[PDB]
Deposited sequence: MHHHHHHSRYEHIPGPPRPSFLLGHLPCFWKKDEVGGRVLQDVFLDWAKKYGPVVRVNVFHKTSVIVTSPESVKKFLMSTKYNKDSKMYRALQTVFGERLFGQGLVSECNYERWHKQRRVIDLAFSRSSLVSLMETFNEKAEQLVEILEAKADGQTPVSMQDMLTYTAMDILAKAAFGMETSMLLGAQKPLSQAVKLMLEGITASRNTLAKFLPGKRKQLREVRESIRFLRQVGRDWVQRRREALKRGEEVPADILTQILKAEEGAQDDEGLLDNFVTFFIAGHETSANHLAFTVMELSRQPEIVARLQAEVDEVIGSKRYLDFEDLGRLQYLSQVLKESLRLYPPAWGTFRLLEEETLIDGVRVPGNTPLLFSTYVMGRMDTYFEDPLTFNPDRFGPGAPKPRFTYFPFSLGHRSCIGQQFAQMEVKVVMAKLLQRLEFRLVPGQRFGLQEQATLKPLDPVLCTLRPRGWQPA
C-alpha cells in the first residue's frame, strides 16, 4: 500500500478541470498523481498560505528552475524555495514596488496603451480579424521591458520576432518537462539569458560613463546580487521578471477581452464609467485608476474564473490531519484558486460572470479567492499588474468596440500558465459607430 492510498481520490479543457471534478467528488483533501494532495478548504488555505512555517516545495518548482539541462528561472524570486534565501532577495526587490515607484510607471503604462489603441483604431473596419491575445501580449511585453529594464522591445512595431519565438518555445519547454524540440527549447533559454547578460552589460556601462539611469526593477535585481560570486543569480531574476512581468498580465488581459465579448451590458457600463471618469483624456493619471471602480470589479471577477497562475504548492513536513484526512509527512500540498473559484460551495452560480460579487457592499471571499496567492509568497507584482491592466483596459473601452469572430472559443489551454485556447480573434469598430 502506497503511503497515500488511504486518501480520497480517483482509482478547451485543462488538468485544472479534472482537479475541480475530483474536488467536488472526493472532497477537500484529494490525492492526485509525483503524488500531491489538493487541499481546497478555506481553513487549509488560511493555515498553510498565511504562515512562514510552510514553504514552497522545491520538487514542484524544478520545471521553472531548469529545463532540459538549461537554467531558466534558477533560484530567482518565484522559484527559490529556501525561506532565508528568498527573504533576502524579496526585501531588496520590494523597494522597486513601493507606491512611489509604481506611480512613476504611469507614463510607460499610458504610452504603450496609447500605442496599442492607435494601432487597433487603424484596423477598426469591422472586417479585419485581429488577434487580441497577440496584441495584448506584445503590449504587455513592451510595457514590462521599458518599465522594469528601460529597454524598448518594440513588439508592437513588429520588432524582436526572434525574442518572441524564444519566449514561445521556452513556455512550451516548461510544459514538456524529441530531437529538434530539445534543440529549439535549449537555444531559446540560452537566448533569453543572453538578452539579460547583454542588457546588464549595457546598464553597467551606462552607470560607469555617468549617464542617467532611472531606478527600476533592474536596479534592485542588481542590488540583491551585490557581492555575489557570479552573475547567475542576477540572470535568474532578469529572466524571472522578463517572463513573469508580462505573461500573466497578457493572459489576464486576453481572458478579460474574450469574456467581455459576450457581456454587452457589462461592456456598456464599463464604457459609461470611463466616459464619466476620464472622458476623452488621452492620459490616465494615477488618481483616475481608483475611480474606475466597476472596472476593478470586472477584473476581479475575470481573475476568479480565469486565474493565469492557478495556484501554488507548499511542502508539508510532518504528518498532519487536514479536514479529517491523515496526510503523511513530506507531501506537496496543491492549492488552486481556479478550482475553488468554480466550486458552488464557495461561489453561488460559479460559472456566472457577475462583477457585483466584488461590489462595495458584498461580503468579501474569505480564503476562497487568491489569483495573486496569499501570504509571504504572494505576487510581488500584484499592484504593478493591476495598474497596467486597468490602463490598457480603460483605453480600449474609451476608444473601441470589439466583436469576437464567430467560431472563436472561450476554452482554456494550460501552458505553464492558463490562457485562452484561441487567439481571441476580433473585429473592431471605433466607439460611436
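By the record, the deposited chain contains unmodelled runs at 1-6, 18-36, 59-61, 206-215, 472-474, with no C-alpha atoms placed there.
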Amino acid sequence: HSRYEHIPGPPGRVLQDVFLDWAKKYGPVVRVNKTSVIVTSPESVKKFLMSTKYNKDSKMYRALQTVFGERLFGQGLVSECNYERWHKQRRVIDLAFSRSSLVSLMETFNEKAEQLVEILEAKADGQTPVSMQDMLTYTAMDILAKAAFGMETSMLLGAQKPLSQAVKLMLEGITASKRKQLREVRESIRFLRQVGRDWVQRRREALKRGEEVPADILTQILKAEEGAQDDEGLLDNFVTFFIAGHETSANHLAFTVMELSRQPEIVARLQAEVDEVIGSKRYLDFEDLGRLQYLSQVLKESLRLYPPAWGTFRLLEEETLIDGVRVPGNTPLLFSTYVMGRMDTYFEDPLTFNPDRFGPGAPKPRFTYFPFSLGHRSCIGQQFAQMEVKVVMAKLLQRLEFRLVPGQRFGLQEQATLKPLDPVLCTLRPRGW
From here on, numbers count along this sequence of modelled residues.
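Just so we're on the same page, rigid core means the largest C-alpha set that superposes within 1.5 Å between forms.
Of the two segments 215-223 and 167-175, the one whose CA positions lie farther from the displayed form in 9 other deposited structures of this protein, once all are superposed on the rigid core, is 167-175. Taking the root mean square of CA deviations in 9 other deposited structures of this protein after fitting on the rigid core, 204-212 and 281-289 differ, and the farther of the two is 204-212. The question of which stretch, 269-277 or 242-250, has the higher mean Cα B factor is settled in favour of 269-277. The PDB entry records a higher mean C-alpha B factor for 230-238 than for its counterpart among 132-140 and 230-238. Ranking 73, 338, 191, 335 by Cα temperature factor from the entry places 191 first. Considering 90, 99, 300, 262 together, the PDB entry gives 99 the largest C-alpha B factor.
Annotation for residue 27: C-alpha temperature factor in the middle third relative to the rest of the modelled chain, per the entry. Compared with the other modelled residues of the chain, the Cα B-factor recorded for residue 60 ranks in the middle third.
Among the modelled residues of its chain, residue 11 has a C-alpha B-factor that falls in the highest third according to the deposited record. Ranked within its chain, residue 67 lands in the highest third, by CA B factor from the PDB record. The deposited CA B-factor of residue 325 belongs to the middle third of values across its chain.
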